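Visitor: part one of the complex, untouched from its place in the assembly:
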Amino acid sequence: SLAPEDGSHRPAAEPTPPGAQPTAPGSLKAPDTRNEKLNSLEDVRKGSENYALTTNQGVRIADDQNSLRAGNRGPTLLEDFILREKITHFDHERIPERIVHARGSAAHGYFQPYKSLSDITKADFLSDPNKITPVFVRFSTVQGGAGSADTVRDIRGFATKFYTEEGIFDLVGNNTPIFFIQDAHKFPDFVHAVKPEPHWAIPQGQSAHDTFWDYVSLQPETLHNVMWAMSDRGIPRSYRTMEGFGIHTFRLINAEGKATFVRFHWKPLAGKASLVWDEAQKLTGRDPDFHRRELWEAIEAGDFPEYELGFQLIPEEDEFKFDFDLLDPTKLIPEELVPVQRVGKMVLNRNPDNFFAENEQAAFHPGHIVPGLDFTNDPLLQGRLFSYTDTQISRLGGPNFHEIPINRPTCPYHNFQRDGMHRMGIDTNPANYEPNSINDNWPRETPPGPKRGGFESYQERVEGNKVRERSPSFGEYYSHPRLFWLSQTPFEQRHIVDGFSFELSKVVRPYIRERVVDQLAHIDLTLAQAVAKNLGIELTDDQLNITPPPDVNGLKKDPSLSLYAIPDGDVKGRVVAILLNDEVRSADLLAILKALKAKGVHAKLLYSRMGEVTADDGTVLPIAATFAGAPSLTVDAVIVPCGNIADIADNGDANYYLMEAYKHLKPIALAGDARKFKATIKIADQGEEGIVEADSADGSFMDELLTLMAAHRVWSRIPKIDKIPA
C-alpha cells in the first residue's frame, strides 16, 4: 500500500556489506541464526505484518490520526481512551539509565571451550569442548549518558552474560587490566570526580576537567589506569579491536575442592587497533554512533566479532610470589610473568530485535557466579557485589528483574521468593517457606558435588580485627604506570604525552596541572618533562631527582602491554573510501574491488553528490555517500582511482578528505593522474612510505595498500603531520 511497488524498502535476509542495505532487527535480517537463548525468547517476540492495529487491551482502532472531539474543530473529550492509552504509554517510556556505563551496544552469540577444564574447575560451561553456551554481550563507555558519543576518550566496558546449564554467569569486565581505585568505598568519590561537574553538568564523556584531575592528583592509586586511558587504549577503533579483562583475581574451584587464583582475559581475533586523538574527538561530532553502528553492521555483514577467553592462573601457594598484591585491582599481572592460557572462543553473530527491550533492560552483575567459581578478598570486588543487585531496584523497577526476558536463565529456577512489582511467574507451590511438610519440602537444597551440585563458598581462612584500613601491601602507586610506559612504542609514548597534555590544558586551575605533573615525575622523568613542556611548566631540581620506582619483578618492559609492538593485524571487516570522479577508469576500479573482496575489506564509493556516475566503461556506479557525508574518519584507508581527475582536483571536500586521512596516519593509494593530489598532502615527487602510487591500480598496487592496512596506521609519517593544516 505505502511500500514502493518495487520492494526496495525491505533489506535482504542474507549477509550484506556495511551501507549496502537498511539495517534491520536481528530476527528479520538473520532468521536462520539461532541459539538456545534466542529460541527461548520466541514466547515474547511480537510480529506486525497482517495484524490489525489495536489498543493494548486488544481493541481494533479505526482512526489513528485524530483525537475524539466535540465537532471537528472542537475540544478533545476526556472519554477518548484510545488517545489517553497511547499518550500514557509514550509519557512513561523512559527508565533510569545505568549510573555508570549508560552508553552501550550489545549483541547475541555463543561460547565454546577448547577442552575440558575439569582438572581446575567444576564449572559446567567449562566442562566439555562440545558444550555450547549462549551469550549476550554489551560493550560500553563509562562516564557519558546513554545519549553520549561512542569514540570518546574513556575506559570501555566489556560485559558477558553466560546462560549456563547451572545458572547465569556474568563476566563484567573492562578493556584495561586494572581499575582506578582500590576500595569500593571510594567508588562514588571517583565517579563523581570524572562525571560532569555538579553545578553545571559539564563536560559530557570527558575526563578533561578540573575535578577529575584534582582527584587523580590527590589519589596516586589512580595513576595506573589513568596511564591506560591517556594512551590510545582510551580511543579504540572498534569494540572488535580491543582487549577485555575481568581485572580482579577470582577463584576456580575443582571437584576436589582445590582453589586456583585466576584473572580473566578476552583477546580479539580482529587484532588490537585504536584511533588517534584528533580523529576520535572529531568523530564524536561527525558520527556519535560510530562504534554502535560499526558493531551492528559487522554482524550483518558476517564479520562476526570473535574473542578468545584466556586465564592467567596462579596456584594458591604463589599468592605472594610477586612484588604487587594479587588482590590489588590497581595492579596488573604481566603476561611475561604469568602467561594467558587459552580457554575457548566466543562469537557474536546476531543483533537484537529491540534495543530498549534487550540492551537497555539487560542487567549484568559480577556477583552472578556458578559452582566452580568463587570470589576473593579484593576490596573493590567485595563492594561491587553489593552494588549490582541494589541498583536494579530503581533502574528496572523492582526485584523481579530476572523475569525480564533478556535476563531470564535458560536453565530451571525455583525457590520460595514471592510477589514484588510486575511479578510474572505464577507459583503453584502450596508452600512459600522451607522447611515445609505441605509440599514435601520442595524445591530442595542440593549438596555440593562434582556436577549439578549446590553452591558452597570456598572455606578460606579469615583472621584479623574489624578495621577500616587499607592493606599496606596496596601502598605502591608508580611501578605499574612505569612498566606500562616503558612497554609502549615511541609513537605510543608520544600519544600518551599528548593525551595528558591535551587534558591538563582543559583544567582551569593551574595548580592542579602542576600537581599532576609532580605525580608524573614519580613515574618517569621523560614523560613528566614532555608533558610539562606542553603546559609551560618547568620541573624543579627536586623533581628531577625523584628516584624512579622499582621494576616489576625485574621487568624493563612487557610487549603485550603495547597495542602495536607485536603485530596482530587483520584487515577483514575494515573499510576503504574510494573517491570517484565523473569518468572513472574502470580498469582501476575493477582491480581495486577484486583485491579488497579477496581479503574481506569493504569499500564505499564517494562523490560530491548522491545518485550515480558513469565510468569510462559505460558502467553505472552507485554513490554510497558524499565526501562530507562519510568523512575519512569513518574509514581505514583511501584510494583514488584514475579518470577525469580535473573533475575533483579543485573540489575542497575531496582535497580535505585526503589531508584529514593523511593527518590521521591512514594509508592512501593514488593511481595515474590521481598522483597529482600529492601536492595537497605536501608529499614530494619522490614519494614516501605509506603513500601507494603507480601508473595504474594494477600489479602490486593493491598488495602494497593491503600490506599497509594490515599494519593499521603509518606511524613513520608522524614527524611530517605537524606542518599539515588539517
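Guide: Great, that's in hand. Numbers count the residues shown, from 1 in each chain, chains lettered A, B, ... in the order given.
Visitor: Need phi/psi at residue A:498.
Guide: In terms of degrees, to the nearest 10, the main-chain angles of residue A:498 are phi -70, psi -30.
Visitor: The residue nearest to it when sequence neighbours are not counted: neighbour count?
Guide: Leaving aside its sequence neighbours, residue A:498 sits nearest to residue A:277 (Cβ to Cβ, 6 or more residues apart in numbering; 6.4 Å). Every residue, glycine included, has its C-beta placed from N, CA and C. Taking other Cβ atoms under 10 Å as the criterion, the count of residues near residue A:277 is 19.
Visitor: how much space is there between residue A:277 and residue A:223?
Guide: 20 Å (Cβ to Cβ, to the nearest Å).
Visitor: repeat for residue A:23
Guide: 41 Å.
Visitor: who has more neighbours, the two?
Guide: Counted by other Cβ under 10 Å, residue A:23 and residue A:223 do not tie: residue A:223 has more neighbours, with 23 against 16.
Visitor: pretty sure that one is in a helix, no?
Guide: Yes - counting by DSSP: H, G, I helix; E, B strand; the rest coil, residue A:223 is found in a helix.
Visitor: mind listing what it touches?
Guide: The contact partners of residue A:223, taken as Cβ atoms under 8 Å, 6 or more residues apart in numbering, are A:216, A:477-478, A:481, A:519, A:523.
Visitor: can you do 7 Å?
Guide: Residues in contact with residue A:223 (Cβ atoms under 7 Å, 6 or more residues apart in numbering) are A:477-478, A:481, A:519, A:523.
Visitor: between those residues, which is closest to residue A:391?
Guide: Nearest to residue A:391 among the contacts of residue A:223: residue A:477, at 29.3 Å, using Cβ to Cβ.
Visitor: Please name the residues that touch the closest one.
Guide: Per Cβ under 7 Å, 6+ apart, neighbours of residue A:477: A:220-221, A:223.
Visitor: Look up how far residue A:511 lies from the closest residue to residue A:628 other than its chain neighbours.
Guide: Using Cβ to Cβ, 6+ apart and skipping residues adjacent in sequence, the residue nearest residue A:628 is residue A:653, 5.4 Å away. According to Cβ to Cβ, residue A:653 and residue A:511 sit 44 Å apart.
Visitor: Please say which of the two ends up with more neighbours.
Guide: residue A:653 (16 against 10).
Visitor: Please point out which parts of the helix or strand containing that one sit buried.
Guide: Element membership for residue A:653 (DSSP states H and E) is helix A:652-663. Across helix A:652-663, burial judged by 16 or more other Cβ atoms under 10 Å covers A:653-663.
Visitor: put chain B on too:
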Amino acid sequence: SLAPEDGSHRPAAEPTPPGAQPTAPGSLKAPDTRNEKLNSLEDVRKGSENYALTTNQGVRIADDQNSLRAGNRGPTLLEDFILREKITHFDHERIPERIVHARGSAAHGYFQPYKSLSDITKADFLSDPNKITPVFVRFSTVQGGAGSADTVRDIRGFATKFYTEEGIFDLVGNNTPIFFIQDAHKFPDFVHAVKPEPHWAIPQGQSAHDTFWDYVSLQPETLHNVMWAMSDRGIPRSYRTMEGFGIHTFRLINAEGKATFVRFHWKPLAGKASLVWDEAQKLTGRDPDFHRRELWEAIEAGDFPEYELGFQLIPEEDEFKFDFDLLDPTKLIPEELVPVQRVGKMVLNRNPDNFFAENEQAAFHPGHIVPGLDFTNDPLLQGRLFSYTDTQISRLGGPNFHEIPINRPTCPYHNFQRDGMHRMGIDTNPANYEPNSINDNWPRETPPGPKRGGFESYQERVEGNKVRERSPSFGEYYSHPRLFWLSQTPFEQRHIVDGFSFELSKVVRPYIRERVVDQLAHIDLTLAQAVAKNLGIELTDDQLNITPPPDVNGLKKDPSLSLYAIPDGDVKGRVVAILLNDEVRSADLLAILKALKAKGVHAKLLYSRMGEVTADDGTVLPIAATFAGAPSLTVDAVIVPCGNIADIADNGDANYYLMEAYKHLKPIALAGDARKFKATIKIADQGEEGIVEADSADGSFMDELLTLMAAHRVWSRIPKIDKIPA
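Guide: Let me add chain B to what's already shown:
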C-alpha cells in the same frame, strides 16, 4: 588543608569574562543576586565549609577511605552501614530523563511588564509595570538524550516558569512559530520517527535517517516546521540569539469577560544569530556542551540573556479573516498581518547551584495557566494538557512533584489533596474534604473577579458531534513552507537546500529521498530542483508543472522570518580568538584589546602550548588554550597580531585555525607580517571583503573588524569557500 596557599582554587564572587576563572554554583559566584524564588529556596540550600562529613543520619565519619573488613586484607563486612548507605545513594542517583527535550540548560531570572495590561487580561503578573515576577527558564533540544550534544540540527525548546502571586504560569514554547503535527494523537508517531530507530538506537540528536523522512514524506503537514529545521534556525549560535514562540493561539481574558486571541513571542535583545552546518556538526564533537557552557559563562560575565515578551493579538470577530486556521499549529501568523506588540522584558541573571536538583527536576507544563489566560481548541494544545501532568508520575516519582523545591509556587497553596510518595507538607486541617463543617469549610472556593479571583473557563460555544475527524480548514500544507522559503535571503536559501541535501543523503532507501523531493516540488520548484540535483534526481515533466501554492493573504515575503535580512546582532558577549606568537608586538595587542573592551567583546589568547609567553615589551601573556584545545568553532572572529610570525607561520594548527574560520565565514584580521597567512586562505594580494589587513592593528583596523562582527558572518565569501580544503 589541600587547597593551595594562594587561594587560587576559589573563583572571585564578581562578574568575570568567560575562561578567566573556574565556574561556580550561582549562590557562591553571585551571592548578592536575589529574587523571591531564589530567597524561598534558602530552606533547602546546603552548605559545606566548616561542616563535618556525616552519614545521611548525621553520624560523623572517621575514615571515608575504607570499607570495614575482617583484617586489613579480609572480606568486607555486612555491618558496614556507612559503606552501604553511601553506595546505596550512588546506586539510585538517576531518574528517568524527559521523553523529549531531555537535553537542556537552565537559569534563574526575573520578568517585568512595560505597562499594565488590565484592559486585555486580568493576569496579575501583567497588571502593573512595577510588579516583578521571578522566572526559571530551561532551553533544550528535542530529540537527543540528556547526554547528547548541544549544537545539533534540531528544534530548540524555550520553557519559562513564571512564579506569579496568583499561581505558577508555565509558557512552554519552542524556537520556531509552528510545530510538525496538527493533532496530539500523532505525537508518539512523529517522535518515534525522529528518535533513534528502535532496532539499533541510532542516530542520536539527528533527523538525518530513514524513519524521520519516511514520516515526513507521508505527512505533508510536517513540511512547514521541517523547512525551519533545515534552515539555520535549526543550529543557533547561542540560546541568547534565537527567538521563542508559544506556537498555539491562546486566550487573554479581561475583568469584564472579554476574550482576545493571543500568540506568544520572545525576541532576543542580543539579536538573531546561527552557526553554519559544517561548524555546528564539528562543534558537537569539539565541545558537545557549547550552548550549556556559553549560557552559564554569559551569566557569570554579566552578559545576562534578555528577551522581550510580545503578543500577537486578534479580536474574537477576526477569527476567520485569514487564509489559514488560527487554531492550526502548523500555521504561523505573519507579523506583517498581525504585529508583535511589546509587553515586557525578561532578564536571566543567575545560574543554579546544583544542575540535577534545579534543572533536571524542574517540571514545566502548558496547562499551568492563571486567571486572565485560557486555552483554545487547538488540537495539539488540547492533548498537551493531558501529557505534562501524566509524565511526571514516573519521571519525578509521584504526584508530589510540586513539592520539589524548584517547582514550588512562591504564592500560597492549600487544598484537600493528601498523601502520595515523598509527601513533604504536613497538613493540620481537621478536614481533608469539602464541603466540611468541622473546619468551617476552609480552605474555601473564591468566585471569579477582576483580581485575586478563582479560575473560571471562558464559556466558549461547543457544537458538533463526537467525532475523530480533522478540521477541513487544516487541510493545506504548502503555502506556509513557501512563505518561509521566499522570506529568506539567497544565502539562507542555499543553507536550506544544503540542509535537505545533507539529511536526505543519509537516507538509505532512495525512494524516500524521491518522495521528499516530490513534496518539495509542491512548495517551490527552485528549492526542489536544487535539492534534487544534489541527490542525482531528475524532476519529471509533471513535477515541473506542479502549480505553486498561493501567497498567504497577499504575502510572498515576511521580513520577520529571516535571521539576517535585517541584521540585528549585538557584538557584546561575542568572543575573538587572538593567535599569539612567542614575541607578540605589544602595540598591536594594546590596540586590539582596547577596541574589544569598548564593545564588550571577549578575547581568548591562544598558542601552541599552555603557560605564558612574553611580548616584545616584556608583558607576560597568560595562555587561555591551545589552537587545538579551543578551535575556531568556539569563537566569532580571529585576529593575528604581528611579532615573531615565523614562530607560527609553519604551525599546521595555526594555519588550519584560519582556514576553518575562513570556511565558516568568520571575520579574520591580520596585522603586519601576519598578512603572510593570506596565502593559506587563498586570498589574493589585493585583499578581499571580510579579511581585515594593515601594517599594524590601529584604530581603523579594529573598527573594520568590529563592523564585520556586527554583521555576524561574511556571506559574500560563500562562492570562495568550496575551493578551500578545510
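Visitor: again for the neighbour count of residue A:277, since chain B is there now?
Guide: For residue A:277, the neighbour count with other Cβ atoms under 10 Å in any protein chain shown is 20.
Visitor: Can you name the next helix or strand after the strand or helix carrying residue A:514?
Guide: Per DSSP H and E: residue A:514 is located in helix A:510-521. Sequence-wise, the next helix or strand downstream of helix A:510-521 (DSSP H and E) is helix A:525-535.
Visitor: Packing partners of that following helix?
Guide: Counting contacts by 3 or more Cβ pairs under 7 Å, 6 or more residues apart in numbering or on different chains; DSSP states H and E, helix A:525-535 packs against helix A:490-505, helix A:510-521.
Visitor: who wins for proximity to residue A:378 among those helices?
Guide: Here helix A:510-521 is closest among the helices and strands packed on helix A:525-535 (Cβ to Cβ), at 24.1 Å.
Visitor: export the closest one as PDB, just CAs?
Guide: Taking Å, rounded to 0.1, in the frame of the first residue of the first chain, the C-alpha atoms of helix A:510-521 are listed here in PDB:
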ATOM      1  CA  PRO A 510      46.800  25.800  37.100                       C
ATOM      2  CA  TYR A 511      47.900  24.300  40.500                       C
ATOM      3  CA  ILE A 512      46.100  21.100  39.600                       C
ATOM      4  CA  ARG A 513      48.100  20.800  36.400                       C
ATOM      5  CA  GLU A 514      51.300  21.300  38.400                       C
ATOM      6  CA  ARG A 515      50.300  18.700  41.000                       C
ATOM      7  CA  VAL A 516      49.600  16.100  38.300                       C
ATOM      8  CA  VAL A 517      52.900  16.800  36.600                       C
ATOM      9  CA  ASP A 518      54.500  16.200  40.000                       C
ATOM     10  CA  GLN A 519      52.900  12.800  40.100                       C
ATOM     11  CA  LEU A 520      54.200  12.000  36.600                       C
ATOM     12  CA  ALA A 521      57.700  12.800  37.800                       C
END
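Visitor: Residues contacting that helix, please?
Guide: Helix A:510-521 is touched from outside by A:210, A:213-214, A:216-217, A:220, A:223, A:504, A:507, A:527-528, A:531-532, A:535, A:537, A:539, A:543, A:546, B:4, B:8, with contacts defined as Cβ atoms under 7 Å, 6 or more residues apart in numbering or on different chains.
Visitor: Going through those residues, which ones are buried?
Guide: A:210, A:213-214, A:216-217, A:220, A:223, A:504, A:507, A:527-528, A:531-532, A:535, A:537, A:539, A:543, A:546 (16 or more other Cβ atoms under 10 Å in any protein chain shown).
Visitor: Correct me if wrong: residue A:280 contacts residue A:149.
Guide: No - between residue A:280 and residue A:149 there is no contact under Cβ atoms under 7 Å: 9.6 Å.
Visitor: Sounds good, over and out.
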